[PDB]
Structures are given as structure tokens and as C-alpha cells.
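# Survey of secondary and tertiary structure
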Amino acid sequence: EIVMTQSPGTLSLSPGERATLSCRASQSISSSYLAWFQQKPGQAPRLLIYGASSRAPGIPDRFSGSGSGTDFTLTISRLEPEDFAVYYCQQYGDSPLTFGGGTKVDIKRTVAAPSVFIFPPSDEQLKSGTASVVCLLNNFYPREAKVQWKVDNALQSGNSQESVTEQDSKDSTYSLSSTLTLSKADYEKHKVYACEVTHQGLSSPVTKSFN
Amino acid sequence: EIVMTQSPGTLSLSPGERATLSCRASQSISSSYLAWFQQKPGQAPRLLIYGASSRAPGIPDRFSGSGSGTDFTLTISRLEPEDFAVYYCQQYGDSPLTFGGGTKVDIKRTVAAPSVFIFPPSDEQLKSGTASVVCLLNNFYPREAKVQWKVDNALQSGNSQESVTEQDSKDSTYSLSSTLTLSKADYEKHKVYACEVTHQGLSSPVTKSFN
Amino acid sequence: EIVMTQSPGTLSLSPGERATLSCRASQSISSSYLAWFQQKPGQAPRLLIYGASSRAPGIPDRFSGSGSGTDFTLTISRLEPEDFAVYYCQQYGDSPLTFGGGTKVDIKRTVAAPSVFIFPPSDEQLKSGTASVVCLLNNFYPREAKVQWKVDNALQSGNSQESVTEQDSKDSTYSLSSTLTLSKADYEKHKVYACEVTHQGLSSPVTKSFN
Amino acid sequence: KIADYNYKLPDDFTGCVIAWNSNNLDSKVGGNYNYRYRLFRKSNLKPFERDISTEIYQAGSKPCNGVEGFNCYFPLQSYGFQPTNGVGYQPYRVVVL
Amino acid sequence: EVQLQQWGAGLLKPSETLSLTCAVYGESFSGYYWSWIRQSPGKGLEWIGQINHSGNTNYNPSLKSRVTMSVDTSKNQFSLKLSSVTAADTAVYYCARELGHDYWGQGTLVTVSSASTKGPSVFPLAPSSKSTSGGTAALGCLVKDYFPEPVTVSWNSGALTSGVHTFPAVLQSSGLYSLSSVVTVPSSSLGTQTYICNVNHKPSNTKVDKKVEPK
Amino acid sequence: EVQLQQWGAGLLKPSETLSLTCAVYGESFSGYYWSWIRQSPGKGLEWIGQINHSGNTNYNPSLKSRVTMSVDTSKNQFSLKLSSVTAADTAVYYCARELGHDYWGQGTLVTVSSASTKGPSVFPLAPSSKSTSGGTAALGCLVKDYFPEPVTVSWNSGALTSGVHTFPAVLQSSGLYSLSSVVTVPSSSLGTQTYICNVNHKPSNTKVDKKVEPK
Amino acid sequence: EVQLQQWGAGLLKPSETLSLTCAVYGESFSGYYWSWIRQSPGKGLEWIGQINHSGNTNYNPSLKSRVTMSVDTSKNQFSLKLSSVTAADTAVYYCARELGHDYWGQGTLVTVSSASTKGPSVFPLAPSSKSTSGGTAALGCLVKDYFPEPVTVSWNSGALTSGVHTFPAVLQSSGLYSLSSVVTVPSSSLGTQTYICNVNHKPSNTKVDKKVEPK
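Residues numbered from 1 in each chain as written, not as in the entry; some residues may be left out. Chains lettered and ligands numbered in written order. Part of a larger assembly, values for the part shown. Heavy atoms only, no water.

Regarding how it was determined, this PDB entry cites cryo-EM in its header, along with a resolution of 3.08 Å.

Our focus in this paragraph is the overall build of chain A. Broken down by element type, chain A carries 2 helices and 17 strands. Here chain A holds 211 residues, and the buried ones make up 43% of them. Accessible area of chain A: about 10500 Å², with a carbon and sulfur share of 48%. The averaged location of the 20 negative side-chain charges in chain A is 4 Å from the averaged location of its 19 positive side-chain charges. (Helix = DSSP H or I, 4+ residues; strand = E, 2+ residues; numbered from the N terminus. Buried < 20%, exposed > 50% of the residue type's maximum accessible area, 1.4 Å probe, protein only. Areas by Shrake-Rupley, 256 points an atom, 1.4 Å probe, with all protein chains shown as cover. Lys, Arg positive; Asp, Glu negative; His and termini not counted. Charge placed at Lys NZ, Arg CZ, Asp CG, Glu CD.)

Residues and elements named next belong to chain A. Split by domain assignment, chain A resolves into domain 1 (4–107) and domain 2 (123–210). Counting from both sides, the interface comprises 4 residues of domain 1 and, opposite them, 5 residues of domain 2. Of the roughly 350 Å² buried at the junction of domain 1 and domain 2 (both faces included), carbon and sulfur atoms supply 33%. Ranking the residues of domain 1 by area buried against domain 2 places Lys104, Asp106 and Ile107 at the top, with a combined share of 81%. In this structure, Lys104 and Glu166 form a salt bridge, with 3.1 Å as the shortest nitrogen-oxygen distance. Taken together, the links from domain 1 to domain 2 amount to 1 residue pair in polar contact. Split by residue class, the side of domain 1 that touches domain 2 holds 1 nonpolar, 1 polar and 2 charged. (Domains from an automatic or database assignment. Contact = heavy atoms within 4.5 Å. Buried area = accessible area lost by both parts, 1.4 Å probe. Salt bridge = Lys/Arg side-chain N within 4 Å of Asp/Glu carboxyl O. Polar contact = N/O pair within 3.5 Å; in protein donor to acceptor, adjacent residues only side chain to side chain. Nonpolar A, V, L, I, M, F, W, Y, C, P; charged D, E, K, R; others polar.)

The two copies are related by a screw operation: chain F maps onto chain G through 129° of rotation and 8.3 Å of translation along the axis, at an RMSD of 0.7 Å. When you check the interface residues of chain F against chain G, a mere 9% turn up at the interface there too, and the two sides of the contact use different surfaces. (Least-squares fit on C-alpha atoms.)

Turning our eyes to something else, we now look at the arrangement of the chains. In this assembly chain B lies apart from chain C, the nearest approach of their C-alpha atoms being 15 Å. Nowhere do chain A and chain D come into contact; their C-alpha atoms are at least 20 Å apart.

Membership of the largest hydrophobic core comes to 50 residues, with the highest contact counts inside it found for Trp36(B), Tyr87(B), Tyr92(B) and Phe40(D). Every element with two or more residues in this core is listed here: β3 (19–25), β4 (34–39), β5 (46–50), β8 (71–76) and β9 (86–91) of chain B together with β5 (45–51) and β9 (91–97) of chain E. With near-sequence residues (within four places) excluded, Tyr92(B) lies in contact with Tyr33(B), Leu34(B), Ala35(B), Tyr50(B), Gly51(B), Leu97(B), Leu39(D), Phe40(D), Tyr73(D), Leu99(E) and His101(E). Core analysis: the second largest hydrophobic core is formed by 39 residues, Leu34(C), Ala35(C), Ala56(C) and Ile76(C) among them. (Core = buried A, V, L, I, M, F, W, Y, C linked by side-chain atoms within 4.5 Å.)

Turning our eyes to something else, we now look at the interface of chain G and chain A. Between chain G and chain A, the contact holds 32 residues from the first and 33 residues from the second. Summing the contributions of chain G and of chain A, the shared interface buries around 2900 Å²; its carbon and sulfur component is 65%. On the chain G side of the interface with chain A, the three residues burying the most area are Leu45(G), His101(G) and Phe167(G), jointly 21% of the side's total. On the surface where chain G and chain A come into contact, there are 0 salt bridges. Run the count over chain G and chain A and you get 7 residue pairs in polar contact. Within the residue set of the side of chain G that touches chain A, elements represented by two or more residues are β5 (44–52), β11 (121–123), β12 (136–146), β14 (165–166), β15 (170–171) and β16 (177–186) of chain G. Here the element with the most residues in the side of chain G that touches chain A is β12(G); it accounts for 7 residues.

Moving on, we get to the sheet that holds strand β1 (residues 4–6) of chain B. Residue and element names in this part refer to chain B. If you trace the 4 strands from one edge of the open sheet to the other, you get β1-β3-β8-β7, paired in antiparallel fashion. Each edge of the sheet is formed by a strand with only one pairing partner; in this case those strands are β1 and β7 (63–68). When the angles between neighbouring strand axes are averaged without regard to direction, this sheet yields 20°. One ladder, built from 6 bridges, connects β3 with β8; its direction is antiparallel. By the bridge assignment for β8, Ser22 is matched with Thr73. (Pairing = 2+ DSSP bridges. Axes fitted to C-alpha atoms, helices over the stretch in contact; angles between N-to-C directions.)

All names here are of chain F. Pairing within the open sheet is antiparallel, and its 3 strands lie in the order β13-β17-β18. Edge positions in the open sheet fall to β13 (152–155) and β18 (206–212), since each of these has one partner strand only. Across the sheet, the mean angle from the axis of one strand to that of its neighbour is 20°, orientation sign disregarded. Where strand β17 (residues 195–201) and β18 come together, 7 bridges link them in antiparallel fashion. Across the sheet, the residue bridging to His201 is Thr206, located in β18.

On to the state of the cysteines, then. All names here are of chain F. Throughout the structure, instances matching the rule amount to 13 disulfides over all chains. Bridging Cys141 to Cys197, the disulfide has an S-S length of 2.0 Å. The S-S bond linking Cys141 to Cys197 shows a torsion near 140°; that makes this disulfide right-handed. One end of the pair, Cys141, is in strand β12 (residues 136–146); the other, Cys197, is in strand β17, with 56 residues separating them in the sequence. Accessibility assignment for this pair places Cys141 and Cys197 in one class, buried. (Disulfide = S-S within 2.5 Å.)

Right, here's the structure in full:
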């Protein structure tokens, strides 16, 4: 099982630029039998380059491949808006076909600042016996962000989970929702609660607090 | 296989009172190993009292148990709106684990009178060859009231069954429907049919006839 | 194994008329043990005549039976609307019970001319990878209707199949639909497709075509 | 329960089993709450094996280190013998050879 | 904390074999006994049996001859098989831990019958002449001869939702269901407002509407 | 009066074994012969065999090799087993008393196939321009490639019920069924009125709508 | 050109068997190898095995003990069986030709879970007073406790399609799913307009409407 490892999964670059993707195999690939696949959301993967050098029929000329031994790379000369997808390696020079991890490409733009619009737990859920509070974020280009919950001025972990939306078609931003669950007795016992937002673009450590 | 007998299943009492439920067994229970279960509709039973005296963790302290030998009782000091359910016994000092019969506690309201409506059968129904006559009661405090059909001034039995509805949320009333089924010649025999209602709240022996 | 051969499977005649159904056996039936069964759509057969002459209890006297040796006949003097069903012979005087093929009776009406329609395949089905062309006939009484396909003025056999609906409740007419299936290359290679129908109701063999 | 948690005979067993009613000797007008049997055990016994340990039965989440309480119960429970009990609930005296 | 999730077939024909499975999440699977309990409205709660990880089973003496239990330790599951099922086995089955007292499953309904899915029928009902004179009349519709449980009834496409009584479905000798749905209206309401009773049966996908005409 | 109720497996695979059961109510069970009769859309009514209370059987010589019957007098039931099942055994089976002439079962349909449950695909049918010029036109939708037979088709959410024809399903060489639904409308009504057909397939639980537009 | 059409069941209880089928159109079915590829959100693309018309099978050594493959040459189909399925087998399955490089199937989603179908629930929300003072607020509806994955959420009966965020569903400890749908509005609009959230869960056939009002 020749395990394949790729470049960092997420890389951001502005359109109309060049892109380089790396691919490494745990062992040598016979006769440079390496292939590159492209997958768009909702569709099956499509082959782009076979033999690590050639180009499949119907493929534009902006895709190129070069490598040997245990090191290969894919190059995109110009990134059209449709060239943003996930790219996979495949070795077909050995017995079981093996695919790579996959590399994602995003759209670069200016750095924005997240807006937080928290909602307090409703009465109806309290009647059902469960409590949900949601630290919310909206409109921020750098997907990397951190939010930390503070209950009784102490760290809370292992009881909250986060959901992030996909990149927008034109705004190219993200929206995150973090939901933390606590016991009714625990939520009544303590008076101060907060979620603190740390983000590289937004320097100030905004600790949104409520009672 | 200890047979567990329990207080009459139906008992009605206003909120904010003391409720006592009795339980007994054919044989003595070793080490006073008796448990009391509360079951709300549509959910699995929940434990209240274990050992006939102790209280389960996280249980409100308005529940008490007392008894030994072959006689046990459960007491609710004050009834809350969410304290109405079905209550079960369980003995576990013997290998065949057995439960009780079940006692249902209700909310009581001032006595009211049944109302009777008569629906003559349709000839479209008689086209198949069978006819049905319905005697109905609405808004009467006791769960059941006696209803009897009269065909050609003759009593009928073994040929009908009655259906009742759960008590209303805030009206706390009851509705009862009795349906009769007969062959075509048997229905066509008499023009005059009646249904009579025997009920304690309404002193009149109401009998309902249609032509 | 006595093979019972019955009269033509379809006989059509107007209501309130004399109906005669014939039956023949390969061997002479002992003691004239022959029976006639009536089956209405969607339910089990019902016995009408036993012994080839006698009538079962509860059967209207418009059914009569007459025959002997190896030739038998069932007669309905005048037809009620309910009497339109399928009729079966049944010999029970030999080791295995054998039934006849069945005779279906229909309602006669004035001759009608079918209306021919043709539908080209949709592009979605072409993307799926198969093309289906449907040619249908509406509201014609005589069930005998021949439909054929001209693909580039050539006859196609074995690649199309047709379905016929039951007799209408009030129109007493028929609808037929013949579908022809082809692959992608077979459909896209040719330009003109046509379906033409010969039906005794209308003299003109209507030929409907599309590009 | 007797064949699993109390006394188990092997399948390849040779011998006799002799039982007789003993209502006369062990009844008492009041209950004869003196005999006892093992009710709770976490596994079946092996043939001709004897267990006399108390060892409070866990049957729950809390360990219950030696103390009885909720979901933690004493495995040995006493027979209730009275002379008025019907046959099948009154003592029998058993010898296995 | 222990979460018990159970699944199994809810409709069986007589002489079939009932199979149910329960899966345990959150706590140690070994070191405990896992129990099956049925509940029937006819009699009440009854204990069926229990099994531990090693395969040692305790059975109720009444059902000892037709109860089998299995354990799958790899994926933390235990299953019940009840053979030669009969119409008296219709109940609600729960999987619990040890004697109970702390954790229970959600419980699945099992019904045993020898009937096939088919649509119901609506039998018309007309208010009697006295009801119009009285000032208070009743409108009812009777639904008959359907096997599956979720039959639904409505008034005027849900226009008359106040004072609606829907008596629960009952068994019959043939194994079919019959019920009635009733509502109360004043004599002034009679005729001036149309009352149309609708019934919907999704398992057979049958919708029947009946107009109400005073006698 | 005698009432017969039968049940069994409605779907099978080739080389499997068919099993059916029939139960009798209302009269005596012993002192009688109980028969199985098979009806097929290709050949016609056929007699399979019969059995009595003590276990004596009569078989049709054609099917003597694969047919078996059993009787349970305790609960008044008799059962049929038919091994080496092939696709030629798809038919409606009835349990009857003696030669017949008195009482028949309700009849159970048995289908033999080696296909899995699939959801239907819907394709619109486009009227031609000359069809519009003719003064009347027909709009249909074609349902294709579903294995289990029961499929319900309606138009305009059931509002349009005039001039609609739903042809019977036909088995294809791939083992999946297909049918079509057609409705007839005036040509002038086209373009200014919207027409949609909705189809529900319950075994795969797929309900899909489809609008038909002129070309 | 080759067109590949696949089908099979999507919901499976643990310890069941997975069966999928794929059908080939357009080119020859013989003289080729047909492969199954699995894609998980937590692992990546994985090759399961392949089979040819002669009946020869190549298996991935990881799954060789649980994978079976069958070919039906008469109707040009090939099928995959994966026994003793587990919650780690939830993934998208494709049928392809040989190593790929030319043609792939559309893909079938398979979810393996021990939870039963349940209806979604909506929790009300209230904007904070500080949000109103700031100038912008957010109004959102929270949907919880529905097992089958596909659910649709809309606002203003679908009229409001600007700024609507529907975060992907997340799986909880109990085995159910939840999500939130939010919209951003000015604080000036508060106190003068009423909003609405609409949820449609197809597998449970549930439609829920909630009236969202300020605070």
C-alpha cells in the first residue's frame, strides 16, 4: 500500500495566478504511473493528467505535471473562476490503487472582521430540559478563527461544537455558529457567561459576555 | 412467581392534595425489596422509590414509601400538574421479577351530565348488507356511563363494543361512542330503535329513539 | 390430464342479449361432471352451474347449462351489467382438476376511430443514455389495432412493446400505447421517425412522423 | 436460579436425587426466615462449585465500596416458610447421592 | 450515562419469529445483565429475560420454551428472538439494564395480525330532525375496515377543529379497525356552513371526502 | 359459514422456496380436504394439490416433484411449500375447500425476481406543434426503471381527474418496470395553463413532481 | 461512450449487509473490469475492488474479508455486497470502469446508524437589546433532533433569499442531527416586521412553520 501524502490541504490565492501542488509517495512509482484527479462539489472526480506528464483529451493546456521517483507536482498557469476544486493523486503502478488526501484551493481577498449576534436560550427548550446558546460569526474571509467559552471564569471544552458554512460565491466569506450545552442547574448556578473571539485579522480580544 | 395486587386503578383527586397508593403481595417480600415506578404516557417507566422507603437520586422529596411484610404504600404529599401518571409496583427479592397492575391518577372536576345524539343509518351502508347505529355521550364526568340498545323493546348484548376518549386537557370531560352491527334482514326488521343511558349525574333515564 | 378447450376468449355483445359459451374436452367426461365458474376482476371465482345442467343455490335463473359427452355450453338468456366477467370450465370427474382457458365478455358499441399521437424523447432521457418514443391511440372500441414503426422508412421488430388499458366505465372504449426504445447512437444517427396504425374503424392508415 | 447461582449438577452425572416434603420440621407458624438463597450473581456457577461470599452486587454505575444502597443489593435472600403455604411454596428436603 | 437504541420489525404474521436488537453506548458493556421487558394493555408489564456478555441467560419460566437471546460483544448489541409468535404477543418491548432502576430503552411496538394493507371506507351519517329543532346537533363520520394504525380524520379540511372527538381505533373479529369522529355544531350552523369530513390513510394512500346533508 | 385467511411472502428470488399459509374459521377443520389453486396471467387456473387433517396428500403430477403441504390441526392451519422457484411461478395463489364450489381464499400474489428496490425516473412528454394546430393535444409523463410494482400517478395534485389514462406496468429485459400516464386537453388550453404530474413510489419512498411544457 | 446508472439502499442498521448495483450502457460489457470506489469525509478516496464478465474478482486486501462482488451478464449489471456493516462505512460509493480515467457513476450515499426516524423540532430565538442598540441584528431558527439527513429550511416563505445562512448539519452524541438558519437584518427593521421560518423534512414527511417576532 503505497501511501501518498500531499501538500497542505488548504491554500488561498487570488484568481489569475499560478498554483503548484506537491505529491509524495512512500515508495517509488513504476514508469511514472501517477495520475491527477479533479473533483468539484456534487460531481464525480475527473482525470486531468495521466503518466505524470501527459494531458487527457479535452483538458485545457494550463494544467501541467512534472516529477519522478517519489516527488511529483502539478502546475496551473492561470486560475479561472471554475478551476477552484479538490485535487487528488493516484498511483496505478502497483497492485491496489491508492489515492491521495486531497488539496483544496480557495479565493483570496481582503481581510474582513467577524460580527457576533448571540441568541439567549429560549423558554421552550428549557421546558424540554435542554439549553442551547450560540456564539455566532458573520462575514470574515480568513476561515481560521478561534472562539473560547468562559463559564464561571473557567475554560469550557468537550461540551460544545462548531459548524462553519462554505465559501460564498461572490462575497467569499464565512459564517460560523458555535453551540455549547450546559446543565440547567449549572446554567442557573453561574451568573457570568461569555464567548471570546480570537482572530488574526481582528486584533482586539472581544470577550462577548452576558448574564 | 409472586402475584402483586394493587389499589383500584382509577382514582381522581384535585391538585395540591395527598395521594396514597396501596400494594400487596401473595408472599412476603425478602428484605423489603419493593420499588415504585412512575410512567407518563409514551415514555419508559421511571424509578421513584427503592427498598420501599428510600428515594432515588434526583427525585423530588414529596414522594414517600412505607410498608413491610406483604403490605406497602406510596404517598405523594402535594400533587403537581406533572405528577399525574401511571404507578407500578415491583418486587425484586425473588427470581421471577414481577410488576404490579398499575394505578392511574386523574384530575377531578364537578359532575356533569351526558348528552345523547342519534344518527340513523344510511341506505348506502345498507346496500352492502349491514347497518350500524351509534349511541353517543359527550361531557360527562365519570369515565364510563351505562348505555344499552333496545330493538323491538328487547335487550341486546354480545354484539357491540364501546370506545372512550382520554380526559380533556382543561375541560376534563369524556366522550363515549357505542356502535351496533347487524345483518341486512335483522336491521330492516324494526323501524323503531332506541338507546338508553344509565348515569349517576343525570337522574333522568334518557332513552333516545329515531324513525 | 384432460385438456379443456373453450370458445374464443373474447366475445363482444350488447347488454340484454343472449350469450352462449362453448366448451370441449379431449376425453368424454364421466357422469357429466362439468362446472362453470364466474370470476369478476379482483376477486376469487364463483360457481354457477354444476353437473353441466344443475344450478347452484342462490344463482339467478338466467344461467343455464346444456351438454354431454365432450361438448358443453353455458347460456345467459339476457345480460345484466354485473354479468360481464370471465367464465371457466372445470371438470371434476377425473384424477386432476382441470380448468378451461377462460372466456371474456365485453360491451359492444358503435365503431370508433383512434386518434394517433407521437412523442419525441426528452433531452433528459438522452442524457441518461436511452431514447424512448411513444405512439398512442385513444378512444377506439375495436381492440384489434395494428401499430408499426417506420425508422428511416424501415420496419422495426422486437425492440418495441405496447400496453392496452381496460374498458372505460362509461365510454366503453380502449386506449393503447406502444413504446420503442433505442440507444444513443441508434437514436441520434437517424433523422425521421414515424408510427403508422392500421385499424378497421378508420380506412386511412394514419402515419404520424417527427424529425 | 438454583441450577445456576446456587447448586449445579454436571451433565455427565451418575447418581440419585431424593427429595421429600418437610413442612413438619421447618415451617414455624411465624415465617421461617432462616434458610436463604443466592439471588444475585454476575456469572453462572461451575458444576459442583460452592460460593459463600457476600460481596455486595454492583448492578449499577457507582462502585458501592462495601455499602448497600441504590442499585447495590445483598445477594442472599431468605425463604419465607409457613405451614399454611400451598404445595410448591413450602419446604422440601433434598439429598443428592 | 447509558444510551440504549433498539430496532426491529413492527408487523408480523402468526407463527413467525420476532427479532429485536438493542445497542448500548456510553458505559462498559461487560459486567452487566441486559433485560427485555414487554408491556401489554391487556395485562401489564412482564419480565422476559436477561443475558450478560458471556452468554449466560436468565429466562422467565412462562416463556422459557420459546425465548432465545444472543449477544454480539464486538459491536455491543444484544438481541431477542421469540418464536411461534401469536396474536397475543402484540405489545411494546423495552431493553433495560440489569433490573432496570436507572436506564431504559425507548421501546418498540410489535403487532401480530393476519391481514393485508387495504383502504378504509366512510359511512355517511345524517343529523336527526330533533337535532335541528334542539339548537344543538352533532356531525359524525365513521371509518371502517382498515388494517394499518395511522388512519386520520378531519372536519372541513380542518375548518372545524373546536369540539372534535376522535375515539381510538378498535379491533374487530375480522381483524379490521373501526372508529368514529364527531363534532358538535348549533342548529344555526346547520346548512349555513358546509361541513365536509375528510379521511386520509397514508399507508394505503387513500383520501375520502363526504358531504354532510341534514335529513 | 367458513372464512379463509392466507398469508405468505410476496417477493422471492429464483432458486428460493415459496411458503404460504392458510387458516380456517367458522366451521370444522377435520373431515375435509384443503386445496391450493394457482392462477397465472399466461396459462390460467391450475390445481396444485390438497391435504387432509391426518396428513394424506393429493398432488398434481406435473408439480409432484417440488410441491409439499403440511397441516397444523391444533390451530387450524395448512401450509404449502414450493421449492426450486423460477420466474414462471409468479401467480395468484388461492386456498380453497375440497374441489371448490363453496369457499375460496382471498388470493395472494407472488412475484419472483432477482432485482433490488429502485426509485422511478420521470420524463415529460412534449406535444408537437401540429398537435396544437389540430385543436386537441395529449400531455403525458413516462415513469421508468422501478422494481416494486405499486406506483401511484396523479395529475395536478389529484385535482385533474378527467380524461386521464394510466396504462398498466410492463416488465422490461432489465427486470424493472415502466409505465406512462396520459391526459387530454384542448389545444387552446395549452400555454396559458400549467400541468404537472406527481408520482409516488412507496417501497423506495420517493414522491416527485414534474411539469409538462410545450415544445 | 459509457453511461453508468447505480441504485441501492441508503439507510442501514448496524450489523446489516450493504448491497449496491450498477448498470452499464453505451459500450461493450465484456473485455473490461468494473470497479467500486468509496469516498468518506474522514478518510478520502478508497478503492474497494473490481470484477469482470468472466467472474474474476480483484479485492482490496483491507476489505477482502467483508467484500463480495457479483456480475449478471444477461442484463449487463454488477453488484457489491459488504457484510457486517458498521458506522464507519458511511460514505459515497461510485461504480467506475477499470482504474477510472474515463467514466464514473453518479454516486450513492450510504448512512449506517442505529437511530430511528424522528421529526425535527424548532427552537425560538430572541435578539439581544445590545444588538438592537448597535444597529444590526440576526434572526434565526434552530432545527434539532431529526435523524435522516436531508432537510430543507427557508425564510419568508422563500421570498427572502438574501443573506440566508444555513450551516451544515452536525451529528450529536445521541445520534441525531441539528442545524441553524440565520438572516441578518437592520435593527431599524425591528419592531415593524414579522418573519417566518419554514422547515421541510422529506423522509419523515414533516412540515413545520414558525412565526419569528422581535425579542
